[PDB]
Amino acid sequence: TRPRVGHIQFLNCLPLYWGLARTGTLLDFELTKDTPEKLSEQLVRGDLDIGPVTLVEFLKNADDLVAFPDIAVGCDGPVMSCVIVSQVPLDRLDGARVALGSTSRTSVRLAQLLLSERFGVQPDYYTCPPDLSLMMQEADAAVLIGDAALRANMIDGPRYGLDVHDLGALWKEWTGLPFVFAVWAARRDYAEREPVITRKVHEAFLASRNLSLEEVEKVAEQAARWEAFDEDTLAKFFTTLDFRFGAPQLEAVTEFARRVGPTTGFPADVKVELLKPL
């Protein structure tokens, strides 16, 4: 039977979806599209065999997952789709209410780490669906990912004079490091039961990622007919995202794990098992 594969419905993986379709890879998958927190729960509990895992959930389940090398959802500098929208400066958020988008697990933890250990504020956090308008009427700041964040950063922010802090840029300023928000991984039991299929799926993901980068202009032009963003914005977003996952990216994962591990539920020296090649 076809491997059950997850796919983030956000725009960040729309070019990858293009690559999976153009190559015919989709027809080897039983694909499930959803938000990253749902896809992580599904893979961890066994409703999926392979799929994207938000980094915090992967590190909490590192013993049961095998990450795919050379592909991830990340950035080196700004990421555009992970932001803090605030009505006041970040240093004035201590004791204030900050809304956390329900879809996120890694970016919200990154935002909490930055606000606590870089800016030194301790706000009262709460979780709610990602809706800027609603969040801005009930809290002083909001952490968003996905299309909601890109909409807040490129449209709603400038239109209503709200500060939009790029979480990738804040992490780059703080540490000089890139960041990895999500990785691709297979369940350990599936990887050991089907080593061949796991490798073929991994190789197909790399091939689809490679083609999407070569055809990024075609992806942006097509998506521009249906999204709120124009072709230039989408092409910039697709090219600003960093889909590599090598030594410099793993270094960023290691440092992030060290800083949040003791207060998030996984060891500071947690090990990331990578899928070995034949």
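From 1 onward, residues are counted along the sequence shown.
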Between 259-267 and 16-24, which has the higher average C-alpha B-factor in the PDB entry? 259-267
Return whichever of 73-81 and 93-101 has the greater mean Cα B factor according to the PDB record. 93-101
For the CA B factor values reported in this entry, which option in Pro129, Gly176, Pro195, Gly146 has the top one? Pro129
Listed options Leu206, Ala111, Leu170, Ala139: highest C-alpha B factor recorded at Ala139
What third of the chain, by the recorded C-alpha B-factor, contains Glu37? lowest
Splitting the chain's C-alpha B-factors into thirds, which one does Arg188 fall into? middle
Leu274 - Cα temperature factor, lowest/middle/highest third of chain: lowest
Could you look up the Cα B-factor of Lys200 in the entry and say which third of the chain it sits in: lowest, middle or highest? lowest
Within this chain's modelled residues, let me know which third the CA B factor of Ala228 belongs to: lowest, middle or highest. highest
